[PDB]
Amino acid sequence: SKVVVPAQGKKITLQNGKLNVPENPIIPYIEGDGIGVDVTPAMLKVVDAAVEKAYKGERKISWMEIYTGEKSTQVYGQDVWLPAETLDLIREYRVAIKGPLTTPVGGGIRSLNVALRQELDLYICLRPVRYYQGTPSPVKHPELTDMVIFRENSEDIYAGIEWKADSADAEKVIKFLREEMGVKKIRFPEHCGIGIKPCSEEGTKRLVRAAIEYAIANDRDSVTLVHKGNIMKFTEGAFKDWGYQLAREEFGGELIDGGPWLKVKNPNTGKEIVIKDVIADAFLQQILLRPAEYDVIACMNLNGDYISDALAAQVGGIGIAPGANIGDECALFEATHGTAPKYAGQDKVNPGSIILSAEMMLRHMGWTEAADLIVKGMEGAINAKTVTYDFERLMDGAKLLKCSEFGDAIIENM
């Protein structure tokens, strides 16, 4: 009802598991709450400039704004935080992007970001993390970090199945667990909240499958399965076992030494990709102490959350970390940082995150030239130390830029 489909522009379609993108594709976008009002306009201009430069005017995106979050309430009404139309529009146009999102509290509403991911079944949470020269970082050698996180995005405790303490449902579940399943490990059964942790084999192998194919298509060195399987054997541990099994079953994985590591040969470059695994808590230590040993990462939903945020912070890219939610039919790229209401509307915020997510979007669309130009632009702008306040306040000799001005700096460095 309130969305306006672009007069000029054409729908992207999916054929043969492959995207068919017109030169004039219509792309849905969500402004985002808080600073989304600052970063998204900058993102629109940077992407258009990259597309214009790369294809000489032969291609052009027809942006179409759709709504979710606060602006949705103001467009559709009181408690319309996520209109069904938004979901239909992302399905119909295949690819879309959105800015910061905030969930309401006090109304029993669960995460809108997760709702998008689960109802569009974007089971892949892709977070590429690497260091941009010139970025202020808390660690000594952030350049050693160059990883690609494949976060399972549909299942685990992150899936929102739980019951409140003292509620009739929670006591019912606890009764079933203690009396019918013989559970004795619940230390305090009364006044106790209960949550469910699911992890299936199909969900695990389509995620790991995507991670290995990514390592192959991008010639990466290895794929590490991160889990907490020594404590959670049937979910975390199963994820790791199913991951190795997939590698053996579909990619000719061979045993390295006496195991458990495997090696998969890259069908295109002949490189032997190492398949290995590391327990999650020790991994949070290894990304700091031996970051160069890791590359592509495959893990569950919650651990992926933790890992991606920790890696982003160590390379100083907490506000420029790109992110994408991908499934077999649809794809939603997104800022990954918060709404930042206290600077919203001041044209202060750092647009690097949503812009790099737009870079991932264009590359996903096959427009690798334009995506390359955006990376080049971020490269030069940050290296030139012409950046926003979140960077500049942590360093010396930098030129402070507004959010919009930083967008121009990126374009200038393309």
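The first residue of the sequence shown is number 1, and the count goes up from there.
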Checklist entry - If you average the Cα B factors in the entry, which is higher, 341-349 or 41-49? => result 341-349
Checklist entry - Which has the higher mean CA temperature factor in the PDB entry, 221-229 or 173-181? => result 173-181
Checklist entry - Out of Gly160, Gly327, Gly99, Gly203, which one has a C-alpha B factor higher than all the others in the entry? => result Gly160
Checklist outcome for this item: One of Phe239, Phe283, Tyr294, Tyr76 has the largest Cα B-factor in the entry, namely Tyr76
Checklist entry - Lowest, middle or highest third: where is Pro322 by C-alpha B factor in its chain? => result lowest
Checklist entry - Within this chain, which third does the Cα B-factor at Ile410 fall in: lowest, middle or highest? => result lowest
Checklist entry - Taking the entry's C-alpha B-factors for this chain, is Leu289 in the lowest, middle or highest third? => result middle
Checklist entry - If you rank every modelled residue in this chain by C-alpha B factor, which third holds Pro198: lowest, middle or highest? => result lowest
Next on the checklist: Ranking every modelled residue in this chain by its Cα temperature factor as given in the entry, which third contains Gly243?
Outcome noted: lowest
